């Protein structure tokens, strides 16, 4: 259906104090992440478990003025967020820290309730909860951060975030949002951001020592409307799925990501009807912070995304989750300090990094992307009126792109949010539970 959603006011929000005016150099990983405003949506319920109103003692519940004041404070240490994209003399995209501000707006949905969104699948209707950005040829023209706070008939609220990917990855993006939340809640946030990105500069001279398959063009089909859905697997399902894989003494244990990813990859491949000899490539975003040595400063503010790309004939992936999980874990296992360091050097040698940008052509059939949010603090944004009951991607712009989401409660379930061709989704829906 098409929900009535009325925007009651838009406002640019600026840092509430002096911030540095500068150009901020972007690292190779900053430049190869997707070129969108990464969409996320938060839902907050007006009543708790037992039916108590979650409004504060002063009657507030996501009061706009308060949120904007806290936002302005947050933008002082996180000042690149209030910047704009630009290019350096060489044509390399950078951030112009010019305190141009972020878009904040409020909306009302007078006839819809949080419950109407059901499972919170990242449909184009869910995307309506994030402000829309008009992309022209002037890359400096739009804010890097847009936010909408939407109020519902039930008293509940959605916060829709869109964060231009050059500025921050998951950890750094949520570091900002959660810090904003902390300020709004009336507590100082624990970790000041570290802004300079030169720590991720390549070595001089660059000395790559791997082919870096992750930056090579993805396989094409050997010589359509995209559906979106979300699927929960209970702790017991994930257990049973793991128990299907032989775990023998002396064989290193597969990660839950590798097992689940093998399952998703196998199901998508079967649903797409891939022949056994069709190559297929799975794109796995990997956090460099856990891999680089010495570790980066705790508050490093930027992208530290490296990419693991298992690649196999569809025959290997569909033969079973055991075989697919092994291929994925091997690809993950490659992602150590020396590999991530080599990748920085490799990216430095490229004449034009915009060519390596991951987008529609990257994730589309016969390939796949599976971005884990399992260890991101997506449920910690408490602005003063409680923790969210759901957080997920606002939409999924590319076919073949999927997310692993952790549960908002303690049940240890995981959900897979995914986009596939409509004809293929109909099969995927059945296959993901058909084990």
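Numbering follows the first chain given and starts at 1.
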Exercise for review: Look at the stretch from residue 223 to residue 224 and count the residues of the deposited sequence that the entry does not model, then pick none, 1 to 3, 4 to 9, or 10 or more.
Suggested key: 10 or more
Check your understanding: If you average the CA temperature factors over each stretch, which comes out higher, 6-14 or 415-423?
Key -> 6-14
Practice item. Could you check the entry and say whether 116-124 or 227-235 has the higher mean CA B-factor? Key: 116-124
Study note, to complete from the structure: Among 185, 165, 212, 364, highest Cα B-factor in the entry goes to 185
Exercise for review: Select one of 64, 377, 400, 34: the residue whose C-alpha shows the highest B-factor in the crystal structure entry.
Suggested key: 64
Review point. When the modelled residues of the chain are sorted by Cα temperature factor, does residue 383 land in the lowest, middle or highest third?
Key: lowest
Exercise for review: Taking the chain's C-alpha temperature factors as the reference, tell me which third residue 297 falls into: lowest, middle or highest.
Suggested key: middle
Review point. Once the chain's modelled residues are ordered by C-alpha B factor and cut into thirds, is residue 78 in the lowest, middle or highest one?
Key: lowest
Revision key, fill the gap. Among the modelled residues of its chain, the C-alpha B-factor of residue 307 falls in the third labelled lowest
**Study point:** Within-chain third of residue 368 by Cα B-factor, per the entry
**Key:** lowest
